[PDB]
């Protein structure tokens, strides 16, 4: 199935938009959490979302920065979903998971994209 994860530091942030995007992109359930993306230890809801998703499911977020603002922890999460065979989609990067007969590059794209964004998120 399709699980989404939404995070905002404050309520003044457009949380409705985020939830609508996740829904629009097929979110069945959305684990919503009001917390900073600096660390995962203080984000039990994320731990629930990651534990709930299972082989075959889809885990969606609007952006990497929503998943976290910690390069190390973010990359750790991206590999967790791979190993668990859960597909990570980013609604702002809808075609990132699309196939183009070059498994090498495609995989290499994600690795680059995700690592760039995971860093950016942390530096900000």
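Residue numbers count along the first chain shown, from 1.
- Per the PDB record, of the two stretches 86-94 and 72-80, 86-94 carries the greater mean B-factor over its C-alpha atoms.
- Relative to one another, 58-66 and 32-40 have unequal mean CA B-factors, and 32-40 is the one with the higher figure.
- Looking at the C-alpha B-factors along this chain, the one for residue 99 belongs to the highest third.
- Ranked by C-alpha B-factor against the other modelled residues of its chain, residue 114 falls in the lowest third.
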